[PDB]
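J.: Sequence isn't available, so here's the structure alone:
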Ligand SMILES: COc1ccc([C@H]2C[C@H]3c4c(nc5ccc(C#N)cc5c4N2)CCN3C(C)=O)cc1Cl
Ligand SMILES: [Mg+2]
Ligand SMILES: [Zn+2]
């Protein structure tokens, strides 16, 4: 309440000041309070506070509830990773122009899922995990004073919960591998149509994984620092790195970001930064 009083009374700087529209956004210089302000700006500039009548104090308490339920002692899967996944979601809807291809409920659920998709993570060394993350997302969404979705009707609320649940479930890389071949086959044949609800639901799953791994697309000095955090989680429980990074980019990332650019050409900076990082890690791999 000492933190919530200061956050609620603050002024929320514009999206341009906060630099949350650039795919190259980084958070290393930001306080926990600054990340909260950037998050309010995301809800605000996506018209989520307005279209769904969110009381300011409730959104402030909800953001702080979400942030508190991430574990700081976890090197990578912490609040900062969830904040970044939401930022890339914002950058994709705005700079990537994905906004027009989605509905308000879908955008409202994507932002909530991106912020929640790793709640109570304990580090890689501890599809059940994603079901636990949605469980914690649901518990916070139902906490007194945190119900940011109270402005929705019951039909709106039930649809949004279904989308939130699927989006968090989609961040299971096993589900991504199960489903990506379909998404690539329909991108191949020039058949991809978002009007198909099964195709729209599949795309929302791919958009989640794209933002979930957005770190692999960051500029080299940032990507180097994030790859450190990843190593500290996998390794030190809190040489071989360059090769494992190129293998991850090859197996997982490059096709995903390639397909995303076909859906919207303005998501190209993700595919670009992911390639420049493959070059950098490949050179390091060769010593
Ligand atoms: C001991 O050190 C490492 C070991 C492996 C990796 C590789 C693979 C790794 C991985 C995973 N998710 C990542 C998400 C983002 C980024 C970035 N940027 C990189 C990610 C990432 N890199 C999950 C799958 N995985 C597995 C199975 O090991 C990196 C480091 Cl440093
Ligand atoms: Mg996860
Ligand atoms: Zn994640």
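T.: Received the coordinates, thanks. Numbering: from 1, shown residues only. Ligands and ions are numbered 1, 2, ... in the order given.

J.: List the residues that contact the residue most central in space within the chain.
T.: Nearest to the geometric centre of the chain sits residue 85, at 2.4 Å (C-alpha atoms, centre = their mean). Residue 85 sits next to 114, 115, 117, 118, 211, 212, 214 when contact means C-beta atoms under 8 Å, 6 or more residues apart in numbering. Any C-beta I mention is one placed from the backbone N, CA and C, and that applies to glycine too.

J.: and the second one, how many neighbours does it have?
T.: Right, the one you point to is residue 115. Other residues near residue 115 number 26, with proximity taken as other C-beta atoms under 10 Å.

J.: Next, work out how far apart it and residue 171 are.
T.: Taking C-beta to C-beta, to the nearest Å as the criterion, residue 115 is separated from residue 171 by 12 Å.

J.: which residues touch the nearest residue to residue 53 once chain neighbours are set aside?
T.: Spatially, and ignoring its direct neighbours in sequence, residue 53 is nearest to residue 151 (3.6 Å; C-beta to C-beta, 6 or more residues apart in numbering). Neighbouring residues of residue 151 by C-beta under 8 Å, 6+ apart: 52, 53, 54.

J.: Going by distance to residue 262, which of the residues you listed wins?
T.: Nearest to residue 262 among the contacts of residue 151: residue 52, at 31.3 Å, using C-beta to C-beta.

J.: so what's the backbone phi/psi at the residue nearest to that closest one when sequence neighbours are not counted?
T.: Among residues not flanking residue 52 along the chain, residue 151 sits closest, at 4.4 Å (C-beta to C-beta, 6+ apart). The phi/psi pair for residue 151 (degrees, to the nearest 10) reads phi -70, psi -10.

J.: Against ligand 2, how distant is residue 151?
T.: 29 Å (C-beta to the ion, to the nearest Å).

J.: Against residue 48, how distant is that residue?
T.: 10 Å.

J.: you'd agree residue 73 is up against residue 232?
T.: No - Residue 73 lies out of contact with residue 232 (C-beta atoms under 8 Å); the separation is 11.0 Å.

J.: quick one, which of the two is more surrounded?
T.: Neighbour totals were compared for residue 73 and residue 232, and residue 232 leads with 15 against 8 (other C-beta under 10 Å).

J.: Skipping adjacent residues, who's closest to the more buried one in space?
T.: residue 75 (3.9 Å).
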